[PDB]
Each structure stands twice: as C-alpha cells, then as structure tokens.
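J.:
There are 2 protein chains.
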Amino acid sequence: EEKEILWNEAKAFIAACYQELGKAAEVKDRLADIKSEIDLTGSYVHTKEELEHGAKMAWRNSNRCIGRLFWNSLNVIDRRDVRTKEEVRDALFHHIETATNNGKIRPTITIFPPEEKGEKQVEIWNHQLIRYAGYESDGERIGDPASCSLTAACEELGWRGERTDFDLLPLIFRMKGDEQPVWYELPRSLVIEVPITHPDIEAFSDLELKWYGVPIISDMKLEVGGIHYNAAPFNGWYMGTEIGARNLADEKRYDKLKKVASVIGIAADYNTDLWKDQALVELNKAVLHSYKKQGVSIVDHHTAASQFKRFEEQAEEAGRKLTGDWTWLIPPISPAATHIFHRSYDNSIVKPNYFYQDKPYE
Amino acid sequence: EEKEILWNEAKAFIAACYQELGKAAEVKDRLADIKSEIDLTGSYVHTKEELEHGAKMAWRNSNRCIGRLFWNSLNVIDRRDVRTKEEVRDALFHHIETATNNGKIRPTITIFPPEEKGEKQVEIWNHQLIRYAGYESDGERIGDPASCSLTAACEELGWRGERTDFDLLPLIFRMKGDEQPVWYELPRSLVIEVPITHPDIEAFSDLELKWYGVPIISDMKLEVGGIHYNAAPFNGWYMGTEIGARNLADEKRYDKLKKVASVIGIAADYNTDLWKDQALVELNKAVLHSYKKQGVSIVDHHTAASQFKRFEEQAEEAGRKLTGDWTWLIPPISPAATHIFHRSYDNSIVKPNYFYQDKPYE
Ligand code: HEM
Ligand code: HEM
Ligand SMILES: CNCCN(C)c1cccc(CCc2cc(C)cc(N)n2)c1
Ligand SMILES: CNCCN(C)c1cccc(CCc2cc(C)cc(N)n2)c1
Ligand SMILES: C[C@H](O)[C@H](O)[C@H]1CNc2nc(N)[nH]c(=O)c2N1
Ligand SMILES: C[C@H](O)[C@H](O)[C@H]1CNc2nc(N)[nH]c(=O)c2N1
Ligand SMILES: [Cl-]
Ligand SMILES: [Cl-]
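Heads up: the protein sequence lines correspond to chains C and F, in order.
2 is the number of the first residue of the first sequence in the UniProt record's numbering; add one for each residue after it.
2 is the number of the first residue of the second sequence in the UniProt record's numbering; add one for each residue after it.
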C-alpha cells in the first residue's frame, strides 16, 4: 500500500510541477524514471528543481498563512547531503545567518534528508530554531510557558538555563541511530533581538520587553510528491500581531497586558473601559515601531491583509483554486478592518504542504 | 411528505420540551392529540407553555449568539390572535415600548400567527423594527447603505425620507390577501436614541454620531416543532462592538474611522501606526460610555464573553450538547482576549431555532 501511495502522490506532483515550470513534455519520461526507481529502491529522489518548486508550492497551499503572496520567492537550501550532527548544526547556524540577513529578512527553507521507511534521518526537537525557555517551579513562572516541556527535556540532557525571562533554548535534534538528541547553545552573534519601546510613551521601556527577530518553524513536515521531509525548517518575517497580540499578550504566554496598561497610564479595573483593547493596540504599535527602528523586517496586519488580497487575485488569474483557513487568516486585532473577515475560504488540504507531526518529547 | 415532516418535528420537540418542563408523563397523550389534529386539520396549535419554551429553546440553540446565557428569561408575547394590520401595528409598537422599558432593556419576542400551507399570515419587511434609512443618488451616500434596498422599496410605496443620515424607516409589513404592504411612521416617543460622546475627548461630539437603543430583529423565521413562525420579532440589548466596530465602522456601513482618527488627534496616514485599531478602540469606548451614561442597557465584549463561558458550563452541567459558530461568536475587536477565540465549537443545527428567510423586496 505504501509504494502505491508514493507512486500516486508522485504522479500528481510531477504533472503539476512540470506543468507550472513549462516542462509538460518531460513528464512521461520522468515518471518512467521515477516508476523504475520506486520499484528498485522503494523510493525516489527529487531533482533540485522539483524540490525547490515543491517547497514553494507547499507554502502556496498553506491555508493558515496570510503571507503567501511571496510563495514564489522562497529561498530554498538543499541539504539532503548532510550525514553528521556537526553538519546539521552548521546548516542550522547558516540558516539563521542567511535568513536574518542583517535584519533584511529572507524567507528561507533548509531541507534535510527525508524519511526512508518512515525512519527519520534527522529529528529536530525545537519548535522554532530561535525560541525562549520556559520554567514553572512551585507556582513560580519564568520565561515562555509554551516552552515549558521542551525546556524540561533539554535540562534532562544536561543543559541549564539562566532562568531569565528570555533564555535562548539551545538547538536540539536527534540523528538516526542515536538514542538521545544532542544540543548546542546558540551563538548570540547569530541571534538578532529587538527591545520593545513605544514611539511616544517613554515609560514603555520600563517593561524591559524584547523579542527575537526571526521566527523559524522547525517541527513541521514538508510533504512533496509522497516524499516526507520531516526535517525542513522554514522562516518568513513576523506580522506584528504575532508578537504583540499573542506572544506578549496571551494569559498563557507572557501575559503583559496589565503591565502595559499601567505604563501607558490607564486603569485596568473595568471591562467597559476596554483597557485590554487599548493596551493591545499600544503594545502592537510598540512592536512595529521597535522592529522598524532597528531595521528588522516586519509587517503590520493591514498591509499583510492587502498583500493576501493580491495573492487571492493572483490565484484566480493563474486559474488556481484558492484555499484558506479563515480562523487563522484573520488577525487577532481589528479583524473586521480587513477584507479577510468579510469573505469565506475553502479549507481543503492540497499537496505539497506543511503538516504537524508528533513531538518526540511529551 | 409535508405532514410527515411536521409530525416528525412535533414528536422530537414535544418529547424534549416536556422533558425539560418535568412533564414527561404527559407526552403520550399530547402526541396523540397532535396526531389527530394534524390528520384532521393539516397542522397543530402549540399551547402557550409550548410556544414560550420553544422560543426559549430556539434562542439557546442559536449558534451565532454570544448572549445565550439568559435564554431562559426571554419575555415571550403571544400574538397569534391578531387578524388586522392595525393589530399587527399596535403589537409592534407595544413590543418596542415594553422591550425598551425606559432603557432597562427586556429581551422580548412577539409571536404572530404562523404559516399555514407555507402561506404567510403576516409578512414583515423590516430587517429590524428600528433601523436607519439609506440612500445613494449619483455617488451621493446618505444614511445606512445596508438599508438602501428596503428604503427604495418604501419610497415606492409613498413614504419619503428626510435624507438625514439617521432617518427612521417606517414599519412595513404585508397581510395575507393584500398585494402591497402597508407602512407606518414610528412615533419618536417610542424610539430611544443615544448620542455618541467620549469619556475624555470632548471633540468626539463634533462627529454628531448616534445610534438606536434596541436592536429588534424582525425578518427571521422561528421554527418550533415543525411550525413555521415566519413573523416573530425578537430583541436583546446591544454588545457594544456591534455598533462601534461594525455599524459605525465598516466601509460599507457608516465608515467613520477616518473621522474618528481626526477628532482623537491622530494621523490616518500609515498602516504601521495602527490608526484604524486605535480609532476602533476609542469609538468603542465611546459607544459603551454613551449607552451607560444614558441608562440604556448594553454589554461590552469582555463581559459578554464571560457570560457565554457560564452558558457553556451551564450546558455541560445540564447534560446538553453545546453548539456554536466560532466565526460569529468571536468579537470583531480583541477576539484573542476572549476564551472563545481559544476553543472550538460544533456548528450543528439543532431545532427549535431562528432561520434566515428570503427578502420580499430585492
Ligand atoms: C514572509 C513572511 C510571512 C508572514 C508575515 C507569515 C505570516 C503568517 C502568520 C501570521 C501565520 C499564523 C501563525 C500563528 O498564528 O501562529 C502563519 C502561519 C503559517 N505560515 Fe506563514 N508567514 C510568512 C512566511 C511563511 C513561510 C516562508 C512559510 C513556509 C515556507 C510559511 C508557512 C506558514 C505555515 C505552515 C503556517 C501555519 C503553521 C501552523 O499551522 O501552526 N509562512 N504565517
Ligand atoms: C440579551 C442580549 C443579547 C446580546 C448581547 C446578543 C448578542 C448577539 C450578537 C453580538 C450577535 C451577532 C450579530 C451580528 O454580528 O450581526 C448575535 C446574534 C444572534 N442573536 Fe443574539 N444577543 C442577545 C439576545 C438575543 C435574543 C433575545 C435572541 C433571540 C431570542 C437572539 C438571537 C440571536 C440570533 C438568531 C443571532 C444570529 C442572527 C444572524 O444570523 O444574523 N439574541 N447575538
Ligand atoms: C496554539 N499554539 C500554536 C503553536 N503553533 C502551531 C505555532 C506557533 C508559533 C508560530 C506558528 C507559525 C508562525 C509563523 C511562521 C512563519 C514561517 C512566519 C510567521 N510570520 N509566523 C505556529
Ligand atoms: C453581514 N450582514 C449581517 C446582517 N445580519 C444577518 C444581521 C444584521 C444585524 C444584526 C443581526 C443580529 C444582531 C443582534 C440581534 C439581537 C436580538 C441582539 C443583538 N445584540 N444583536 C444580524
Ligand atoms: C463570511 C464571513 O464569515 C463573515 O464576514 C462573517 C464573519 N463573522 C461575523 N461575525 C459577526 N458577529 N457578524 C458578522 O456579520 C460576521 N460576518
Ligand atoms: C481553537 C481555535 O480555532 C484556536 O484558538 C485558533 C484560532 N485562530 C488562530 N489564528 C492564529 N493566527 N493563530 C492561532 O494560534 C489561532 N488559534
Ligand atoms: Cl512566534
Ligand atoms: Cl445592529
């Protein structure tokens, strides 16, 4: 049944890929080649062109992503050649460096060797390459609660965090044939961070808030034509609300709204004062202003939505069906001020795509 | 097929209704009574108890409603006795008066005679009993664009609006056996309106914004045990965002955000200033403050969400399945600050319920 799923997905992908690349004539011969290769080997190997466009298609098909207008400019790094943990480590370091690009962020994906018999060659434990640790000791909460389980797992393995609110987790990944993952401390010179200040409220710095420049999702599986690239970290730049309305705002994340309200000089006593809404807006203005002042790429939700509208138009013009997840596409602040809120989207799953996979910790 | 649908819905409703009312023993005899009555007459007549609880159940099952915690205190007015347009008119006037209750708003439904052969006895044209007219003449826009078609239909029938931005539409409804609807101007003494001022920004009054006190939906069909009450207007009190984030804010409604930005003294030039978000918050604070200052009931979205959480808990405790429409339940500002945003809801349709029906204009 497995070779049949593989052959079916391969047929669907190669036809669509080569059609998009103006290479429809080469489909019959390549499919034959793949057909023999699956028979003989149990799998097949993508060409560099196929892998690159496949990763691009996968981004284009990501229903929950508002940033898809730029799917075709994704920078794809082919690291199917890696065999050692030093090489994985250095590829991860390189990804951070090149994607960060001194603040002028480049959407980038690094692709590691894929699963064979469903056997992972490389298994990345981080949720993002750059993320903050989280601790809970006797009701004492430090750092990012969403990182609590991974942080605990790292500390099993001999890492120890300084227990600041912004400890950088180390990189942590397991190689095929190893029972335990290894971990490496991130070089601080690789990691851009942005202190959060407000454009007119000087007291905002008293909060001592900061966030990292580049969100690099590293625990999703990329699927292209039946090949499972379980290890394929990717990044864009942030939309400001991700940091301002969620990471810093959620009660189960950093939970900063009461402290924001205090420094901006409003009471946090009555629901009818809409103090949470006012604090959300100021904190979100602060995030945007801070990233821009530092020369680190970021987009606001209004501009992002305008871009997504162009993606929608672009899709219809190319004759492609559009898919989307309305519940993830709407921004978590002023969603009704975007066009997204006022239409609906087909949430069908089209491949290639990025998919969740099980945590090896927890 | 129709008598079978009716008998099936009747069986489902009577069992559930009498079960809730502790009257399970009376189910067999009442079902027999209904069974004979459908056979003989082609329909059946609800008891006052059945109608009241049915309307309450219908509210409880309304997936899109955040205000359902108070389903059981709905004030049900039985007007199945009306036969003339004067009686319909006076029942509508009375509904406005009693629901308004000097500002201390009572959730109320008035139930008119139901469809017979799918033949309406009374057909209400208004979307809400109290709503503002809308005009578009040569790119000139006045009033509420959502009312444009109904306004045009009224003006066919000899009504003429003053072409203020806040003309009250007249009541308009058609009686069975009449080819045209009649219309009646609303007595201003029946209609509470609230001028929009801001708690600290005195200039906000320069916008000359106002809204009506009581939203009375009058174009939905109430369905109870197979009986179609196509004419059954109902009301609650407003959640502030309905007015502040939608009615006054949407580009295709009153579109006031640029003018809000100006009076609150911020520029409306750059998306990264989040001026739309800041204006939304201030306008929404203004709406809440204005209703409260006048003694007209209203709820903010935070309190409403807290109440809805109690509805959820209340449902589980009573052993009832909960249904909801996540996309309508989340408020259009700071949705991620409510618990609603962070869970999911089963959007199944359970009856009794309120349903859309076709506009007789358009
Ligand atoms: C270029 C800048 C980008 C922006 C501004 C952007 C924006 C977003 C946002 C706001 C989300 C919602 C995430 C959340 O609420 O947690 C998202 C989800 C997502 N984005 Fe993008 N994105 C960008 C680039 C990319 C790239 C380069 C990829 C992959 C090649 C990608 C794939 C995804 C996926 C898979 C999700 C859903 C993840 C999940 O289900 O948890 N995006 N994007
Ligand atoms: C008591 C105060 C109430 C509040 C604060 C409230 C709140 C809301 C809100 C905010 C909506 C969304 C509407 C929109 O965005 O256009 C809504 C929808 C709805 N509410 Fe309520 N509601 C209340 C009372 C009632 C009552 C008394 C009924 C009926 C007996 C009702 C039935 C509904 C229905 C049917 C909808 C959906 C209408 C549609 O699909 O267009 N609600 N409610
Ligand atoms: C509710 N828990 C959500 C955790 N998940 C699944 C999650 C957490 C953080 C971030 C994401 C995707 C965010 C993202 C990814 C990329 C490439 C760019 C961007 N701007 N945001 C997803
Ligand atoms: C997108 N067009 C939406 C028009 N609809 C369907 C609409 C328009 C206005 C109002 C509603 C329901 C609003 C409502 C009803 C009641 C009883 C109370 C309340 N607070 N809100 C629904
Ligand atoms: C098509 C889309 O779902 C539509 O804009 C919905 C979104 N959720 C909503 N929610 C509420 N409360 N009111 C609305 O009118 C809408 N519109
Ligand atoms: C269960 C519920 O759908 C969940 O809270 C979703 C809502 N939409 C979202 N949208 C974004 N962008 N990010 C999220 O984490 C979520 N969470
Ligand atoms: Cl993030
Ligand atoms: Cl309304």
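Cβ coordinates follow ideal geometry from the N, Cα and C atoms, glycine included.
1. Between residue 58 of chain F and ligand 4, is there a pair consisting of the residue's CB and a ligand heavy atom that are separated by less than 7 Å?
2. Quick one: grab the DSSP three-state call for residue 196 of chain F.
3. Extract the residue ranges of the beta strand (DSSP E) inside the region 185-252 of chain F, only unbroken runs of 3 or more that lie entirely within it.
4. Assign residue 308 of chain C to one of three DSSP states: helix, strand, or coil.
5. So which residues of chain F does residue 295 of chain C contact, with C-beta pairs closer than 7 Å?
6. What does residue 274 of chain C reach in chain F if we use C-beta pairs closer than 8 Å?
7. Which stretch, first to last residue, makes up the alpha helix (DSSP H) that contains residue 282 of chain C?
8. Tell me whether the beta-carbon of residue 230 of chain C lies closer than 8 Å to the beta-carbon of residue 39 of chain C.
9. I'd like to know if the region 292-305 of chain C and the region 302-317 of chain F are in contact, where contact means that at least 3 CB-CB pairs between them fall below 8 Å.
10. Which whole-angstrom value describes the C-beta separation of residue 193 of chain C and residue 104 of chain C, a residue pair presumed to lie in contact below a C-beta threshold of 8 Å?
11. Identify the contact partners of residue 328 of chain F in chain C, using a Cβ-Cβ distance below 8 Å as the criterion.
12. For residue 289 of chain C, return the contacting residues in chain F, with the cut-off set at a CB-CB distance below 8 Å.
13. State whether the region 267-279 of chain F contacts the region 209-222 of chain F, with contact taken as three or more CB pairs (one from each stretch) at a distance under 8 Å.
14. Considering just the uninterrupted stretch of the alpha helix (DSSP H) at residue 141 of chain C, what are its terminal residues?
15. Hey, is residue 333 of chain C close to ligand 3, as in C-beta under 7 Å from one of its heavy atoms?
16. Are there any heavy atoms of ligand 5 lying less than 7 Å away from the beta-carbon of residue 1 of chain C, as far as the coordinates show?
17. So is the beta-carbon of residue 342 of chain C under 7 Å away from any non-hydrogen atom of ligand 5?
18. For a contact meaning CB atoms closer than 7 Å, what does residue 304 of chain C contact in chain F?
19. Let me know the secondary structure DSSP gives residue 125 of chain F once reduced to three states.
20. Go ahead and label residue 26 of chain C buried or exposed: buried means 16 or more other beta carbons lie within 10 angstroms of its beta carbon, across all protein chains shown.
21. Take residue 64 of chain F as the anchor and find which of F:117, F:353 and F:238 has the nearest alpha-carbon.
22. Taking 8 Å as the threshold, find out whether the region 3-20 of chain C comes into contact with the region 194-202 of chain C through three or more Cβ pairs.
23. Per DSSP, what are the beta-bridge partners of residue 79 of chain F in this structure?
24. So the beta strand (DSSP E) residue 102 of chain F belongs to, where does it begin and stop?
25. Looking at the unbroken beta strand (DSSP E) that takes in residue 41 of chain F, where does it start and where does it end?
26. Is the distance from the Cβ of residue 145 of chain F to the Cβ of residue 254 of chain F below 8 Å?
27. So for residue 19 of chain F, helix, strand or coil by DSSP?
28. What residues from chain F crowd round residue 247 of chain C, counting only those whose CB sits closer than 7 Å?
29. Any C-beta of chain C sitting closer than 8 Å to the C-beta of residue 210 of chain F?
30. Just mark residue 190 of chain C as buried or exposed, buried being the case when its beta carbon has 16 or more other beta carbons within 10 Å.
31. Is the beta carbon of residue 219 of chain C less than 8 Å from the beta carbon of residue 129 of chain C?
32. Closest Cβ-Cβ distance between residue 225 of chain F and chain C: below 8 Å?
33. Using 8 Å as the cut-off, can you tell me whether the region 320-331 of chain C makes contact with the region 238-245 of chain C, which would need three or more C-beta pairs spanning the two stretches below that distance?
34. Less than 7 Å separating the Cβ of residue 239 of chain C from some heavy atom of ligand 3?
35. Please classify residue 292 of chain C: is it buried, with 16 or more other beta-carbons within 10 angstroms of its beta-carbon, or exposed?
36. If you draw a straight line from the alpha carbon of residue 11 of chain F to that of residue 282 of chain C, how long is it in whole angstroms?
T.: On the basis of the data shown:
1. Checking the Cβ of residue 58 of chain F against ligand 4 gives no.
2. strand
3. 194-196, 211-213, 222-225 and 228-230
4. helix
5. What residue 295 of chain C touches in chain F: nothing, since even the nearest Cβ is about 14 Å away.
6. 286
7. 276-295
8. no
9. no
10. 6 Å
11. Going along chain C in sequence order, the residues near residue 328 of chain F (Cβ under 8 Å) are 327 and 328.
12. 273 and 275
13. no
14. Premise fails: residue 141 of chain C lies in the beta strand (DSSP E), 141-144, not in any alpha helix (DSSP H).
15. no
16. The shown model of chain C, from 2 to 363, leaves out residue 1 of chain C, and the question about it has no answer.
17. yes
18. 272
19. strand
20. exposed
21. F:353
22. Contact fails: fewer than three Cβ-Cβ distances are below 8 Å.
23. F:112
24. First-last for residue 102 of chain F: undefined, no H or E at that position.
25. Not the beta strand (DSSP E): residue 41 of chain F falls in the alpha helix (DSSP H), residues 28-42.
26. Taking the C-beta atoms as reference points, residue 254 of chain F is found nearer than 8 Å to residue 145 of chain F.
27. In the structure shown, residue 19 of chain F falls within a helical segment according to DSSP collapsed to helix, strand and coil.
28. 337
29. no
30. exposed
31. yes
32. no
33. no
34. yes
35. Classification for residue 292 of chain C: buried.
36. Distance between the alpha carbons of residue 11 of chain F and residue 282 of chain C is about 51 Å.
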